[PDB]
Amino acid sequence: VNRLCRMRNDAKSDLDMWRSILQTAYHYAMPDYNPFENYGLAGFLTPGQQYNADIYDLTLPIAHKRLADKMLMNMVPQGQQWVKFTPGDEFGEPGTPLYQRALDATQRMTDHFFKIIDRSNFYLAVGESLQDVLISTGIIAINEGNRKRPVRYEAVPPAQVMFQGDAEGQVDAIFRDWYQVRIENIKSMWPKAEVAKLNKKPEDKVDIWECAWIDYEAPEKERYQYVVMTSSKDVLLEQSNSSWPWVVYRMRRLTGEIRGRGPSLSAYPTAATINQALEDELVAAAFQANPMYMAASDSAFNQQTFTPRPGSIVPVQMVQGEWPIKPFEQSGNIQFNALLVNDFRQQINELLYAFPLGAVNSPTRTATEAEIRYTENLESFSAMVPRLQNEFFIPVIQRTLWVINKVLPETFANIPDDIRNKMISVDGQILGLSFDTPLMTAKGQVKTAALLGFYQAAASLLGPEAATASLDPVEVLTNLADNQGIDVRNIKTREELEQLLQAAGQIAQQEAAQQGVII
Amino acid sequence: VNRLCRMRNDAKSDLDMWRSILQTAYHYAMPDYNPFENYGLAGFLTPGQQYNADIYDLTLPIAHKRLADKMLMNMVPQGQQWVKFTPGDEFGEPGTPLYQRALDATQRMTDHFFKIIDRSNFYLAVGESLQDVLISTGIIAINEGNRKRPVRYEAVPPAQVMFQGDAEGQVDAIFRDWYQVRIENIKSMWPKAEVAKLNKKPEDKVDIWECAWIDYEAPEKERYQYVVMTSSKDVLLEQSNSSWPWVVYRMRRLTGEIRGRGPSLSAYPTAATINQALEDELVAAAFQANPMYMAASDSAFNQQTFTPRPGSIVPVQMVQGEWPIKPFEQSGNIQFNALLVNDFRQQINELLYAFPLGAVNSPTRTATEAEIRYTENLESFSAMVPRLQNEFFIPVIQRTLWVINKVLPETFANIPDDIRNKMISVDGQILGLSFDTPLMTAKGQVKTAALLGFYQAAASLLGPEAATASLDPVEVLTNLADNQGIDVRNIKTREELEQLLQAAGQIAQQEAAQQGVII
Amino acid sequence: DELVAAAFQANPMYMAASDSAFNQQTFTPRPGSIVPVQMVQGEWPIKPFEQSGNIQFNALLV
């Protein structure tokens, strides 16, 4: 426990050193959803507070939101099967009869896995965490539920978590703060917590510390030490599991830091300059755009009897002493200010892969400078994204299967415990993963296209009935099905195909025998 | 009751903290439909008041209404089947004969479910709640009716409900205030209320509190406590069901707050500047656009005999004392004001996915510079919406089925109570859901396209009669029907298909035997 | 350099003998407003801050 507090205090000091830059970056990118506001209290103490009044320019907030939405649709397209379970290395080479039966089972698992995820709040939680990772770091908590909602997802605010990192930059200890949680609420989030020892009514509030760390001198099943306690060091729950609830995202990382640095953090100094420029324009327009006058005194005409009517004569003291009344002097270089603002806006847009051809008031471009500029923006965006698939979503899938095992133990029943742990931990031994996103097309269309290209050349030189004869039809059928990602149940097994092939051989032997030809 | 008053007073304090920003945000977005006006009473005290006289710029109100309308047609397109009931996990893997009979029943349930919804005020209530969620929070009440109108929907004004939140931001207590309800009205809304004990004539008005909260230490069927009482603490109804009437919507949420923050809330500071700029232009135009004159006195000409006809001579004292009569001096920079207004208008439009090509008098560009910008806005809109499907409408469907069971108990008759409750709760155990919206096309067309692509490759290498022979036709037919979302009754059952296939084999044997070939 | 220049070349600024040429605390920026201004102080009238430089030159090298 004393060691826990030393780790928590060290992780708390790191967060304090990040507060200044992260609060500023969030302010210019997501002013209304800034979790670092009010020194991390956000809306806990004073809800309904105004935050975005001094954000005059919305270029960065708009581009930041659209980039996060775009990443969500291209990485985990909702209503699509963007990941597949495949047989692991223990089942041998693909295409064998034994591998085919395992492939059928993993296709069933993939269908059931997505039915669970599609009815959860997975996409709501991922979308919020992606907006966090564009600035520094996203955190997703995956927790057990009940038979009605087996899996609960949540985007943990970055201002309420603290980290300890290992030498390689990976996270090996997480501390999450819960502010003023009711006692009755504690039992629902942590069913096995010991709340009786606190001796409090089921409406009192208490601060909760949810701690976890990697125990290096422990076996795999005890690797993650999990503790729930109060701010007065009253331990409510202690556990040791093979995983912890959280997954931590970084797009890019400066060495020696655990929290990342995303493109929206690179943009905020530019946003700060733009907002200052627009604020000056609003101040200037009040006395430069409006008709105003200079005189010795404002009594040059009577404001109360002033009559703004067509044809009206206004009594005016046209000269007062030495000075006549004149229009307020025009000053400044309005165009200069709205040349820097436009230039800096486009840098933000290019930095965040947004608005490939300017704003609405942009110069005209034909099908030449618009199609190319569109594909230039699209190609660069599609180059950044796919490398983040394994970092972001493989740990999420592994933790989801672990939760499903805990909440629905029947799903992994009648299985030896040794292979059950390997199966739940999707590592490629017994169960593997294969992502299918709009960026990484299929990897199997290439194999099929090469096979079709070979046949066209072969049939051009030797004709059909010779190119087809120089083929292993059972192997070709099985490989075409795997290349296309087809359901195994839709095609006959290898043994059925071999029996069919042998029968076709006898049919041709009898057919040829009736024409005097012996094969 | 003493605990109820503490909970309600806490929830009221949160609402009072939100009143200032929400009344301001509703003013610039929906000035005529602001529920926070007159300290929440709105039109209950004084109907027919003017609210929008000081809204000079309609950019935000137009974009706000169009976005809410656009979300309605893309999430729940009226006159279409935007959700389907499917068999739950208890029925096993899809495609089996037992699953196929459950699928026929759920398809019948879907048709009947939409007949009830299509004749109710569902779409009217959802459309109004979507306008509320674009600012902070939408609330929909789903109440029991009679056999003529089984389900009643209502968009609850956000200024008349109060919330208590759990530690994860979910609502776990709702308090709705009813202002000056007649006694005869109480019995129609809550049929089993004890109105007789009040000893009042059926025309007196009484304030009503409609309270509900989650009882954490209670079983599933008693989880939601529901109390109706008067403002003088006179309990009229007490219940404990498995659900409560309301569903609460948030698009985005700042941590620590229960009410959300939507894009229209992010836009109102910009709208405030635009409105202030336009008000100045209106003030300026009255004495800058109109022809006015400055002189020592308005007696420079006789206004009563002034004759404005062509060729007329007007007697004018062209000089009075030292000062001649001259046009009222022009001042200001009109173009400056109409450069900020247009710039801020487009930011509002981009923030709310409205008017990709700008206003009517826009700098028109070529076709491609317009088609690309149109697809930029459509793609960004189609990314935000789908993640809100489960948050908004799954609880609505579950509560609708609960009301249907209560009002029409014969619909779930001859069903064991254990499975009846699991069926009413559409949680994926016995009954699941599947959405079909213009944003998520089918998820089954991908499976069919892969199957068709595999067959084209197989028939290219091996020809027809060989690609077809290497198929499980019964499985193919059943999976094609499921992928297309087709009605099960339109196709023969698996046993009928297998009998047909067996007969087709016998036909082939006899026809081959007549040619001297034995299969 | 452009950012430094814009703060006093793009914004409307004025030169005078003293910043007491008008009262910043009671300055009223509304349409039709008359601002009391000491239009000449001693020998020097109040005038817009003098424009200088060649903005186009800088945004030709960049």
# chains A, B, ... in the order shown; residues from 1 in each chain; ligands from 1

$ closest_atom_pairs --of "chain C" --to "chain A" --cutoff "9 Å" --atoms "only C-alpha atoms" --output "tab-separated table"
residue	atom	partner	partner_atom	distance
C:2	CA	A:340	CA	8.3
C:3	CA	A:340	CA	8.1
C:6	CA	A:337	CA	6.5
C:7	CA	A:277	CA	8.3
C:8	CA	A:332	CA	7.9
C:9	CA	A:332	CA	5.7
C:10	CA	A:333	CA	4.3
C:11	CA	A:332	CA	5.0
C:12	CA	A:332	CA	4.1
C:13	CA	A:331	CA	6.3
C:14	CA	A:331	CA	7.5
C:28	CA	A:287	CA	8.5
C:29	CA	A:287	CA	5.0
C:30	CA	A:290	CA	6.6
C:31	CA	A:290	CA	4.9
C:32	CA	A:292	CA	5.2
C:33	CA	A:292	CA	5.2
C:34	CA	A:293	CA	4.7
C:35	CA	A:294	CA	5.1
C:36	CA	A:297	CA	4.8
C:37	CA	A:296	CA	5.9
C:38	CA	A:296	CA	6.6
C:39	CA	A:323	CA	6.9
C:40	CA	A:323	CA	8.4
C:47	CA	A:329	CA	7.5
C:48	CA	A:331	CA	5.2
C:49	CA	A:331	CA	7.1
C:50	CA	A:331	CA	8.9
C:51	CA	A:332	CA	7.8
C:55	CA	A:336	CA	7.7

$ select_by_dssp --residues "range 116-340 of chain B" --states "alpha helix (DSSP H)" --output "number ranges by chain"
B: 116-118, 122-133, 183-189, 263-288, 334-340

$ closest_residue --among "A:434, A:231, A:52, A:264" --to "chain B" --atoms "only C-alpha atoms"
A:52

$ residues_around --residues "range 383-390 of chain B" --least-positions-apart "3" --cutoff "6 Å" --atoms "only C-alpha atoms" --output "NGL selection string"
(:A and (69 or 123-124)) or (:B and (380 or 393-394))

$ write_last_selection --atoms "C-alpha atoms" --output "mmCIF file, in the first residue's frame"
data_model
loop_
_atom_site.group_PDB
_atom_site.id
_atom_site.type_symbol
_atom_site.label_atom_id
_atom_site.label_comp_id
_atom_site.auth_asym_id
_atom_site.auth_seq_id
_atom_site.Cartn_x
_atom_site.Cartn_y
_atom_site.Cartn_z
ATOM 1 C CA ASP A 69 -14.970 11.229 -37.354
ATOM 2 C CA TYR A 123 -18.686 3.065 -31.307
ATOM 3 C CA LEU A 124 -19.775 5.882 -29.000
ATOM 4 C CA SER B 380 -18.606 14.434 -42.629
ATOM 5 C CA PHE B 393 -33.240 4.467 -30.289
ATOM 6 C CA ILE B 394 -32.500 1.074 -28.700
#

$ residues_around --residues "residue 278 in chain A" --least-positions-apart "4" --cutoff "8 Å" --atoms "only C-alpha atoms" --output "MDAnalysis selection string"
chainID A and resid 56:57 274 282 341

$ write_last_selection --atoms "N, CA, C and O atoms" --output "PDB file, in the first residue's frame"
ATOM      1  N   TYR A  56     -12.886  32.658 -31.290  1.00  0.00           N
ATOM      2  CA  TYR A  56     -13.468  33.394 -32.404  1.00  0.00           C
ATOM      3  C   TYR A  56     -13.383  32.625 -33.712  1.00  0.00           C
ATOM      4  O   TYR A  56     -14.276  32.746 -34.554  1.00  0.00           O
ATOM      5  N   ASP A  57     -12.333  31.840 -33.902  1.00  0.00           N
ATOM      6  CA  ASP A  57     -12.121  31.092 -35.129  1.00  0.00           C
ATOM      7  C   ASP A  57     -12.374  29.615 -34.875  1.00  0.00           C
ATOM      8  O   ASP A  57     -11.800  29.034 -33.950  1.00  0.00           O
ATOM      9  N   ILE A 274      -4.440  32.979 -34.969  1.00  0.00           N
ATOM     10  CA  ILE A 274      -5.652  33.299 -35.719  1.00  0.00           C
ATOM     11  C   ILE A 274      -6.698  33.924 -34.807  1.00  0.00           C
ATOM     12  O   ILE A 274      -7.331  34.926 -35.154  1.00  0.00           O
ATOM     13  N   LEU A 282     -12.688  42.193 -34.571  1.00  0.00           N
ATOM     14  CA  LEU A 282     -13.961  42.491 -33.923  1.00  0.00           C
ATOM     15  C   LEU A 282     -13.889  43.785 -33.126  1.00  0.00           C
ATOM     16  O   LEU A 282     -14.844  44.567 -33.112  1.00  0.00           O
ATOM     17  N   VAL A 341      -4.728  35.599 -41.786  1.00  0.00           N
ATOM     18  CA  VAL A 341      -5.740  34.681 -41.273  1.00  0.00           C
ATOM     19  C   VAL A 341      -6.011  33.575 -42.284  1.00  0.00           C
ATOM     20  O   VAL A 341      -6.057  32.392 -41.934  1.00  0.00           O
TER      21      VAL A 341
END

$ atom_distance --atom1 "CA of residue 417 in chain B" --atom2 "CA of residue 191 in chain B"
24.6 Å
